[PDB]
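Each of the two blocks below gives one form of the same protein chain as structure tokens; they are labelled structure 1 and structure 2.
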Structure 1
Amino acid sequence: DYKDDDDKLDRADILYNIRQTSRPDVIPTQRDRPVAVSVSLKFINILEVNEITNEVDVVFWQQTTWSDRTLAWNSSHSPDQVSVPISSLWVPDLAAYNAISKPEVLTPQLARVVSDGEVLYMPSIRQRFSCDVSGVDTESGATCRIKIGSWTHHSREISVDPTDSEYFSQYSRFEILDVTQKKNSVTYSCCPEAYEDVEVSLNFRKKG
């Protein structure tokens, strides 16, 4: 409960509990079900766009959530949440398939763990992508698709699902017309199991 959120000893104790129970390297599967991972992108900026090379430089708030019930505690008279370094926690091994640079994480690498076992990690990230830039200077604009999925965990182990101008910079050379998100389950010739992904389509165009 909220009147206890600032009891420091309580938070320290919860962090200790979390660190004893957490298995940073094991998927927190429950009920012989895949871990349900939620993923949405809220765009913060569009910095560089190249219509010749089909490359973009974007900043986005990647909202990522899932649950590990082994981490839950009774919060009747203790903090409902604490911030935890992600190195103490399991995080889904998500990758953006068409990213062409490493993600540059702009924000402190702390997640929130909620007393019901929900884990929230929502970093702001700048990253470069290979996507369809054609039309960026037209009224229809461009539609750049970013596919994000678990790299090493197939659909039996991890499912992914969705969790834009509210946080989009008014100062960008560009403007968002629409962001849509859909989910796919796809199998490659490499592997017999399917890998789920969230595909985020960013329709945008140069201002004016």
Structure 2
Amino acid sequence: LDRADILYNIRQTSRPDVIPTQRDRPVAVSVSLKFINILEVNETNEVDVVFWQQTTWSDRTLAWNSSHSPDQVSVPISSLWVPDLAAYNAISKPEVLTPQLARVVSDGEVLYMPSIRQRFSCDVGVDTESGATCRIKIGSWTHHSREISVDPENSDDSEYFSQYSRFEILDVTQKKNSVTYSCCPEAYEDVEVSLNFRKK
């Protein structure tokens, strides 16, 4: 198969509304936020940030034979199912700055990493030596752990964050929180992104 054949198959058998749950087991979604810039800080207790959201999951229905065929293809996300990930403490609609394309591997693995400009409710502190800490809670908006399982490193600054920014990253720590309520048998997962930063 050539790239055109692979892309036609994906487009024609496109079920973006259908979650790729392979026999009851949840879709393993891996999320990692890489901060590029901290633009505005207002005191309202708001923070305007630009970050790369590395999202990976498997969709076995997209898989193809890699023998004498490309190993990977670039597919627009409109032709693919995407997890309903949302920041619970978000005050702004997430603005996608980059081409809305995902990288699909022959094994069915989907790698989507858009650059997002978003405002968050955080305790801004910012001018202090200790620096203000900004807590972001990312999770599925409508699915529980048995449908979508979310997973996150706990360090790195790194090469991502702009040297020309007015702010400075102190530490970024991404942790998985799994809470099972008394009401309900299914667990509820989220990825808590802690961004502590200060003004230069």
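Residues that one form lacks are left out of the comparison. All residue numbers here refer to structure 1's sequence, counted from 1. Between two forms, the rigid core is defined as the largest C-alpha subset superposing within 1.5 Å.
- In this overlay on the rigid core, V186 has a C-alpha that sits 2 Å or more away from its partner position between structures 1 and 2.
- Comparing between structures 1 and 2 on a rigid core frame, one finds that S83 has its C-alpha moved by 0.6 Å.
- Core superposition places the C-alpha of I18 1.6 Å apart between structures 1 and 2.
- Taking the core as reference, the C-alpha deviation of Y195 between structures 1 and 2 is 3.0 Å.
- 19 to 22, 185 to 195 are the runs of at least 3 consecutive shared residues whose C-alphas each shift by 2 Å or more between structures 1 and 2 once the core is superposed.
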